[PDB]
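Observations on the three-dimensional arrangement
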Amino acid sequence: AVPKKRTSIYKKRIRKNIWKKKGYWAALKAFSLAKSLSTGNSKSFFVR
Amino acid sequence: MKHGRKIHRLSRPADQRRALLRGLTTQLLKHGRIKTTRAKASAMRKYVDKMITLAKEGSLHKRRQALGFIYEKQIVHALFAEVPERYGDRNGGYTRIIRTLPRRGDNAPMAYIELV
Amino acid sequence: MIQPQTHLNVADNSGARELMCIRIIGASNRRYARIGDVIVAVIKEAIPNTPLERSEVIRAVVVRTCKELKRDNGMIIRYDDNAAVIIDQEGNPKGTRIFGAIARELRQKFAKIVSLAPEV
Amino acid sequence: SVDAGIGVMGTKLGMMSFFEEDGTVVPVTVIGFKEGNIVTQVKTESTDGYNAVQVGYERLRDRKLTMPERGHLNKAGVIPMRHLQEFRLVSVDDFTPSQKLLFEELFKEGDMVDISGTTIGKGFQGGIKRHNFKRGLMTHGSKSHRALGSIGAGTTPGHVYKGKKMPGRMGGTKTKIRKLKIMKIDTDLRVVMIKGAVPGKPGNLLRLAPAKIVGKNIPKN
RNA sequence: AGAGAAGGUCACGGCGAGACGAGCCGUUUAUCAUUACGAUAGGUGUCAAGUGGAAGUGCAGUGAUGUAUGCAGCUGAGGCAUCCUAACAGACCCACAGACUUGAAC
RNA sequence: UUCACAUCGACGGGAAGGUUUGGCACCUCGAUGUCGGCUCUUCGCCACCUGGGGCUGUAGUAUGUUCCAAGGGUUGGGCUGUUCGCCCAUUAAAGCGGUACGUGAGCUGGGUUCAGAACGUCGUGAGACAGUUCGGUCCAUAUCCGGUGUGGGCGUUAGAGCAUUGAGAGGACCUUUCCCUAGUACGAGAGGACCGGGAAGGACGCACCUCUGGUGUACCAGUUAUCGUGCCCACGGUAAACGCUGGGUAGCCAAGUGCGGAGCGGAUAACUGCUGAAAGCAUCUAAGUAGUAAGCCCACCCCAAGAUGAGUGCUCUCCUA
RNA sequence: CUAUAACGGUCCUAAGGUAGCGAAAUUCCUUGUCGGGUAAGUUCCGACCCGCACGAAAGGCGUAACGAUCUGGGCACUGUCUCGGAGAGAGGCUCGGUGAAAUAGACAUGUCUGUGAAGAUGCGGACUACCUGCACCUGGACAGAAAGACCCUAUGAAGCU
RNA sequence: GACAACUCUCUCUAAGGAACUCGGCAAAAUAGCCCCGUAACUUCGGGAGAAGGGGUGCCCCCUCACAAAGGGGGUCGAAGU
RNA sequence: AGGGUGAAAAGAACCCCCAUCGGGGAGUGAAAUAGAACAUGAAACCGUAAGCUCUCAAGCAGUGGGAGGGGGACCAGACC
Ligand SMILES: [Mg+2]
Ligand SMILES: [Mg+2]
Ligand SMILES: [Mg+2]
Ligand SMILES: [Mg+2]
Ligand SMILES: [Mg+2]
Ligand SMILES: [Mg+2]
Ligand SMILES: [Mg+2]
Ligand SMILES: [Mg+2]
Ligand SMILES: [Mg+2]
Ligand SMILES: [Mg+2]
Ligand SMILES: [Mg+2]
Ligand SMILES: [Mg+2]
Ligand SMILES: [Mg+2]
Ligand SMILES: [Mg+2]
Ligand SMILES: [Mg+2]
Ligand SMILES: [Mg+2]
Ligand SMILES: [Mg+2]
Ligand SMILES: [Mg+2]
Ligand SMILES: [Mg+2]
Ligand SMILES: [Mg+2]
Ligand SMILES: [Mg+2]
Ligand SMILES: [Mg+2]
Ligand SMILES: [Mg+2]
Ligand SMILES: [Mg+2]
Ligand SMILES: [Mg+2]
Ligand SMILES: [Mg+2]
Ligand SMILES: [Mg+2]
Ligand SMILES: [Mg+2]
Ligand SMILES: [Mg+2]
Ligand SMILES: [Mg+2]
Ligand SMILES: [Mg+2]
Ligand SMILES: [Mg+2]
Ligand SMILES: [Mg+2]
Ligand SMILES: [Mg+2]
Ligand SMILES: [Mg+2]
Ligand SMILES: [Mg+2]
Ligand SMILES: [Mg+2]
Ligand SMILES: [Mg+2]
Ligand SMILES: [Mg+2]
Ligand SMILES: [Mg+2]
Ligand SMILES: [Mg+2]
Ligand SMILES: [Mg+2]
Ligand SMILES: [Mg+2]
Ligand SMILES: [Mg+2]
Ligand SMILES: [Mg+2]
Ligand SMILES: [Mg+2]
Ligand SMILES: [Mg+2]
Ligand SMILES: [Mg+2]
Ligand SMILES: [Mg+2]
Ligand SMILES: [Mg+2]
Ligand SMILES: [Mg+2]
Ligand SMILES: [Mg+2]
Ligand SMILES: [Mg+2]
Ligand SMILES: [Mg+2]
Ligand SMILES: [Mg+2]
Ligand SMILES: [Mg+2]
Ligand SMILES: [Mg+2]
Ligand SMILES: [Mg+2]
Ligand SMILES: [Mg+2]
Ligand SMILES: [Mg+2]
Ligand SMILES: [Mg+2]
Ligand SMILES: [Mg+2]
Ligand SMILES: [Mg+2]
Ligand SMILES: [Mg+2]
Ligand SMILES: [Mg+2]
Ligand SMILES: [Mg+2]
Ligand SMILES: [Mg+2]
Ligand SMILES: [Mg+2]
Ligand SMILES: [Mg+2]
Ligand SMILES: [Mg+2]
Ligand SMILES: [Mg+2]
Ligand SMILES: [Mg+2]
Ligand SMILES: [Mg+2]
Ligand SMILES: [Mg+2]
Ligand SMILES: [Mg+2]
Ligand SMILES: [Mg+2]
Ligand SMILES: [Mg+2]
Ligand SMILES: [Mg+2]
Ligand SMILES: [Mg+2]
């Protein structure tokens, strides 16, 4: 198919922020992984 | 849907699954510790415990199976020599998996696997 | 499990060798049929010098099917061929003699065929 | 909806056969029962505007429950339980909390019963399996084999009709099988035998209540 | 501001749930027993089940081959036992008694 | 048979409908892609079958004509590029039409509208024919609306975990034959019932894998050729994505196994009525009221308080200074 | 006996179609008609002849063999089909990295029924509808793509006779 | 990595076997070697591998192996180019 | 197709980040916010921050009315 008209400026941004919003959930996992690793008590994750 | 299907596909056909897992056991049993993905490590527990189960009943019929499975010849002869003294009391669970950061190229979740 | 264009054998002394079902009778707008169901059939091979010609349209009932017939007591019947027996409007066969075994389920509709059979 | 009587909940265990004395075979389905079948709450028209009664099932460890759910069960002095379902009725004059519900007292023999549970989840299936659509030709140059085809007329109406039979998720929802005959009771093993099939695999929850008929049991409208 | 309410999310182990999300189960595995709750997955053990009589050895035969040890051997996506390995480490969001009016109570 | 109106109805007349062939040439020529078929819908009634009635030149069975009624259903094949139409065997009946003669950014391309070639015919000829014949490239990653499903966010007036009412919405309420009543009613006899009841099926739908089997590249076994494990024995790899075959658990699946379609519930249409005025009679009604349709509404099955009209109930939490 | 016309008469031409074939690669009427084949045959084979409009080197009638030729029937075979189902592989889907394209008046872009250059998300009225994503299907946007290749116009162009 | 629909490239598919379809399109089936046996028609060359049937592995012997083929006997499998 | 540092390369010693590239100070210069991909540096386009503001809507997006809130060297019954 082909688009009839072009997407506007703000409708574009709303779709980009959703793609960027995935970084919010990836950062929480990293912070949870660091604090769960700076204690030297986890025997299931070897970081070296 | 895969209801009732317990099998690790690893994105490979059967000829490559039967060779890939068969080849990693050759390296683990001689090195004792390797670095692989988590999907490959999870599928590895079924086969490593099988070969170790053959050593407990270290007969001649049980040895020929390992020779057909294990590629190299010297490890199988060396495997039956040490396992009865090393695992003369354990019943299953002959290995553990330690997680690890992923790779740089493809973000594949990596993890170590070793023999207890 | 008799679909049209299905080549059936002949069990009776009617003087025919092969049939070809074209329609089903009794089952409204059904296409398959089991033992005991009436069918319309077309002769394709006949015996020379007999009342039945080669290209007649007739009525017949299925007596043997390669598809399996289930019973209530868990028993199941299976044959190694598909066959039938011609009939009249009343349901009596034209042939005097019958070949092959017949199931006991036909007594409620076709008792004459059960009597003439060698076994059951 | 309004139920004809009071039911209980059990778990599917499997399926087997049942030979009668004369010799007839009966494909029978087996349903077990966990520990808890006790009443938890009694509703009335003065409070809720309708008459019904809750029933719990599948006792479990207390730590697993959320603390709000504990206080709901601890009011009637009731053990911890996982599931909860109601049974709407016309009159609830003979029910109280902390009351057990034995099925043999409610379903003796040969009684019709309405089974209801969750079906097997098929996932995002197409039209041929979900809506039993027909298939296109597999030869003679046809490009469309398992596709839908047309999804509308054209300029008139100019849009796709609402509720058009299209792909989507299949199964995994609630259903009800009506008028199933009970074959046998066994109080020794705490198990019940019902003719016919039952929605779901073994281990699935279900509710079985007396068979409701339009003009006989329930109030017509 | 501090600290983390109930509870939710991530994470860890999985699914008869599932495109991804979601949904469901579980996260140190109990002790007492007339009794039902604390085995998630894998492994191990055992059983059903499937295939249909392994290897080695002996016997018979010039030999192919047959035959005994032997419901064998292999498999066991399933059922039941068993904490043997992994559910470790833990992280984030979150707690103004619920504005203002009127009436009836008090 | 006599009797215009049971059923036909000349001669002529008055209408609606917009599916036929046409008239006009208003939109589209910097493109609105065609005939038929496949798949998938959805509406209309001027009703082919199924439900309920009236009249009959309706004895009965079976029709005929017509009213209410569009809920559901309306087969598979032979010939044809076809539509149309004929034929075979069946069926309760095998309805007519609209949606760009529904649907090609969904399919097919047999037909028609390209280039080749040929017959007949016309033409001095090149060539030509709404004449025939053989052959002949159908592109496309969905932006938006719309549609099938599934999430997140926020709101619902403190914040939550469960259980729920059902405004609204959808799905499904279909249908054949046989037996009993009864060879009774009816009828000279042939022949053969209404109503009511009970069985066996069809199609469709919701589920299931105990059963019978398909698949089953987890697995077991047999076997051909070749390479390798030092060699024999025994095994492994390859012969795409099983080398070729014989079987196969769970799972999935139907051909297999169960269930389903109920109501002496409500209100009506057509029709039959009761009581009874205007009109001392009569009248089903311009007061009132009763029977009664596969139709309408509820009931049955599923969803459902984003129902901003955001509900209801039980329980829990709101610490420190 | 009808029905046909071996035969004859007349008009006009340079002469009026002889063998053989014939609803044919030719037949408008046409699915001609009879027969065969099929349960049923607008196709196929045989025959009749009313040859619209066969015909003798733009050759006529036959012809063994040959044909990636056209055409009809039959045996075997089978998922073509009744009627679908299961499985493998590559994509699709998720994560990480790299990263286009046609297209595009601006777009805050619902349905119905009307209205209108006669076929409206954009005008009128009513109904419906929280905001925003993902995966799937394409009815519409008279979607995209090529200043229509059909038809007509130009005192346009070109090839051929 | 995961193992939805749908598309493509492949395998099998119960009972039936062209009912599909403009049309057996596509797919399936046939297949090698040695024997037996091969029609109408014909330009006498062909048709013809016509069609259609039987056998096929391994071991021992006959046998002297005569490079073969053939014969006899035995044996495994559902199935021997 | 591709022109413009500066009057003069005085083209940035040295220190930190530092494997490079590149950047921050220092120093040079009237100017480094002229630092080499460097002169004045408009618009489309991609953004950060601040003030008001949308999740029961519907609309060629504005216009006439203008609730509530906000803002500033002039003033303020004004203006944005
Ligand atoms: Mg890949
Ligand atoms: Mg291979
Ligand atoms: Mg005939
Ligand atoms: Mg599922
Ligand atoms: Mg079909
Ligand atoms: Mg295809
Ligand atoms: Mg529109
Ligand atoms: Mg907390
Ligand atoms: Mg979650
Ligand atoms: Mg376990
Ligand atoms: Mg066994
Ligand atoms: Mg042995
Ligand atoms: Mg066994
Ligand atoms: Mg086990
Ligand atoms: Mg224990
Ligand atoms: Mg019109
Ligand atoms: Mg017209
Ligand atoms: Mg245009
Ligand atoms: Mg009408
Ligand atoms: Mg038209
Ligand atoms: Mg059309
Ligand atoms: Mg279209
Ligand atoms: Mg064509
Ligand atoms: Mg000429
Ligand atoms: Mg062709
Ligand atoms: Mg296309
Ligand atoms: Mg989109
Ligand atoms: Mg959408
Ligand atoms: Mg309601
Ligand atoms: Mg409804
Ligand atoms: Mg089964
Ligand atoms: Mg099973
Ligand atoms: Mg199976
Ligand atoms: Mg070697
Ligand atoms: Mg091998
Ligand atoms: Mg080999
Ligand atoms: Mg190799
Ligand atoms: Mg390969
Ligand atoms: Mg292959
Ligand atoms: Mg099989
Ligand atoms: Mg197989
Ligand atoms: Mg009266
Ligand atoms: Mg009166
Ligand atoms: Mg009245
Ligand atoms: Mg009714
Ligand atoms: Mg002549
Ligand atoms: Mg003809
Ligand atoms: Mg001609
Ligand atoms: Mg044909
Ligand atoms: Mg002819
Ligand atoms: Mg000629
Ligand atoms: Mg001449
Ligand atoms: Mg000539
Ligand atoms: Mg010639
Ligand atoms: Mg050729
Ligand atoms: Mg697949
Ligand atoms: Mg794949
Ligand atoms: Mg990516
Ligand atoms: Mg909008
Ligand atoms: Mg108008
Ligand atoms: Mg309009
Ligand atoms: Mg407007
Ligand atoms: Mg409008
Ligand atoms: Mg598509
Ligand atoms: Mg266009
Ligand atoms: Mg033009
Ligand atoms: Mg032009
Ligand atoms: Mg002019
Ligand atoms: Mg088959
Ligand atoms: Mg057809
Ligand atoms: Mg056909
Ligand atoms: Mg072919
Ligand atoms: Mg082939
Ligand atoms: Mg031959
Ligand atoms: Mg020949
Ligand atoms: Mg500057
Ligand atoms: Mg500049
Ligand atoms: Mg509203
Ligand atoms: Mg609002």
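Residues numbered from 1 in each chain as written, not as in the entry; some residues may be left out. Chains lettered and ligands numbered in written order. Part of a larger assembly, values for the part shown. Heavy atoms only, no water.

Structure determination for this PDB entry was carried out by cryo-EM, with a resolution of 3 Å recorded in the header.

In terms of regular secondary structure, chain B is built from four helices and three strands. Counting from the amino terminus, helix and strand elements in chain B follow one another as α-β-α-α-α-β-β. Across the 116 residues of chain B, 34% fall into the buried class. Considering only intrachain contacts with a sequence separation of at least 6, the fraction spanning at least 24 residues in chain B is 55%. Accessible surface for chain B amounts to roughly 7700 Å². Of this, 48% is attributable to carbon and sulfur atoms. Taking the average location of the 27 positive side-chain charges in chain B and that of its 9 negative ones, the two points are 8 Å from each other. (Helix = DSSP H or I, 4+ residues; strand = E, 2+ residues; numbered from the N terminus. Buried < 20%, exposed > 50% of the residue type's maximum accessible area, 1.4 Å probe, protein only. Contact = heavy atoms within 4.5 Å. Areas by Shrake-Rupley, 256 points an atom, 1.4 Å probe, with all protein chains shown as cover. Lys, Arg positive; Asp, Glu negative; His and termini not counted. Charge placed at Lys NZ, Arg CZ, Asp CG, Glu CD.)

What follows covers the side chain of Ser14(C). Within the fold, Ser14(C) resides in the loop between strand 1 (7-10) and strand 2 (16-25). The contacts of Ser14(C), once residues within four sequence positions are left out, are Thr50(C), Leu52(C), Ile86(C) and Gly95(C).

Here three pairs of chains make contact, and the pair sharing the most contacts is chains A and B. The two units chain A and chain C remain apart, with a minimum C-alpha distance of 44 Å. For chain A and chain D, which are not in contact, the least C-alpha distance works out to 17 Å.

It is worth spelling out the protein's contact with RNA strand H at this point. Every one of the 23 residues lining RNA strand H counts as a neighbour, but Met1(B), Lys40(B), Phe124(D), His140(D) and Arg146(D) are closest to it. Of all RNA strand H atoms lying within 4 Å of any protein atom, the proportion belonging to sugar or phosphate reaches 56%. Within the side chain of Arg9(B), a nitrogen or oxygen atom sits 3.3 Å from a base nitrogen of RNA strand H. Here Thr37(B) contributes a side-chain N or O atom positioned 3.2 Å from a phosphate oxygen of RNA strand H. Partitioning the surface near RNA strand H into residue classes produces seven nonpolar, eleven polar and five charged. (Near = heavy atom within 4 Å. Polar contact = N/O pair within 3.5 Å; in protein donor to acceptor, adjacent residues only side chain to side chain. Nonpolar A, V, L, I, M, F, W, Y, C, P; charged D, E, K, R; others polar.)

The next point concerns the environment of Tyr50(D). Residues and elements named next belong to chain D. Residue position: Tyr50 is located in the loop between strand 3 (39-43) and strand 4 (52-59). When its relative accessible area of 29% is taken as the criterion, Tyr50 is described as partly exposed. Once residues within four sequence positions are removed from consideration, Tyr50 is found in contact with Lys43, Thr44, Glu45, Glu86 and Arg88. Of note is the side chain of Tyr50, whose polar atom sits 2.9 Å from the side chain of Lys43.

For the rest of this paragraph, the subject is the protein's contact with RNA strand F. Around RNA strand F, the structure places 104 residues, and the nearest of them are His3(B), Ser28(C), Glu68(C), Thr156(D) and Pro167(D). Atoms of RNA strand F within 4 Å of the protein: sugar and phosphate make up 78%, bases the balance. At 3.2 Å from a sugar or linking oxygen of RNA strand F is found a main-chain nitrogen or oxygen belonging to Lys143(D). Interatomic distance of 3.1 Å between a backbone N/O atom of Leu148(D) and a sugar or linking oxygen of RNA strand F. Ranked by residues supplied to the surface near RNA strand F, first place goes to strand 9 (residues 174-186) of chain D with seven residues.

Looking now at the nonpolar core. The biggest cluster of nonpolar side chains holds 35 residues, and the ones touching the most others in it are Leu19(C), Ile39(C) and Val63(C). Leaving out residues up to four positions away in the same chain, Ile39(C) has contacts with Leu8(C), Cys21(C), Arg23(C), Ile24(C), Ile25(C), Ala33(C), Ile58(C), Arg59(C), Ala60(C) and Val62(C). Of all hydrophobic cores here, the second largest spans 26 residues; its members include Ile31(D), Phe95(D), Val198(D) and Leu205(D). (Core = buried A, V, L, I, M, F, W, Y, C linked by side-chain atoms within 4.5 Å.)

Let us now look at the interface of chain A and chain B. It is common to report an interface's size as the accessible area lost on association of the parts. Each partner contributes to the interface: chain A provides five residues, whereas chain B provides six residues. Across the interface of chain A and chain B, roughly 520 Å² is buried in total on both sides, 64% from carbon and sulfur atoms. Its largest share of buried area at the contact with chain B, chain A owes to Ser44(A), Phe45(A) and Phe46(A), together 84% of the area lost on that side. Here chain A is connected to chain B by zero salt bridges. At the junction of chain A with chain B, the criterion picks out two residue pairs in polar contact. Of the residues contributing to the side of chain A that touches chain B, the split by class is three nonpolar, one polar and one charged. (Buried area = accessible area lost by both parts, 1.4 Å probe. Salt bridge = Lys/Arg side-chain N within 4 Å of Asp/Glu carboxyl O.)

Our focus in this paragraph is the sheet that holds strand 5 (residues 81-86) of chain D. Residue and element names in this part refer to chain D. One open sheet accounts for three strands, arranged 3-4-5; its pairing is antiparallel. Each having just a single partner strand, strand 3 and strand 5 make up the two edges of the open sheet. Across the sheet, the axes of successive neighbouring strands diverge by a mean angle of 20°, strand direction being ignored. Pairing of strand 4 with strand 5 involves five bridges; the strand directions are antiparallel. Following the sheet pairing, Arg59 is matched in strand 5 by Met81. (Pairing = 2+ DSSP bridges. Axes fitted to C-alpha atoms, helices over the stretch in contact; angles between N-to-C directions.)

Okay, the packing of aromatic side chains next. Residue and element names in this part refer to chain B. Tallying each qualifying case throughout the model produces five aromatic pairs over all chains. Pairing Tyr47 with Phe69 gives two aromatic rings, centres 5.9 Å apart and planes at 10°, and the pair type is stacked. One end of the pair, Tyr47, is in helix 2 (residues 38-56); the other, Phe69, is in helix 3 (residues 60-69), with 22 residues separating them in the sequence. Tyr47 sits in the partly exposed class, given a relative accessible area of 27%. (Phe/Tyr/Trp six-rings, centres within 6.5 Å; stacked < 30°, edge-to-face > 60°.)

Residues and elements named next belong to chain B. Helix length check: helix 4 (residues 74-86) (13 residues) gives 18 Å between terminal C-alpha atoms against 18 Å at 1.5 Å per residue, within 8%. Taken as a whole, helix 4 has its buried residues at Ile75, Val76, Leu79, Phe80 and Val83. Turning to helix 4, the residues buried within the fold contact helix 1 (14-31), helix 2 and helix 3. (Expected span 1.5 Å × (residues − 1).)

On to the sheet that holds strand 7 (residues 83-87) of chain C. All names here are of chain C. Taken in spatial order, the five strands close into a barrel running 1-2-3-4-7, and their pairing is mixed. The average angle at which neighbouring strand axes cross in this sheet is 55°, direction not considered. Relative to strand 2, strand 1 runs antiparallel, the two sharing three bridges. Bridge pairing links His7 to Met20 in strand 2.

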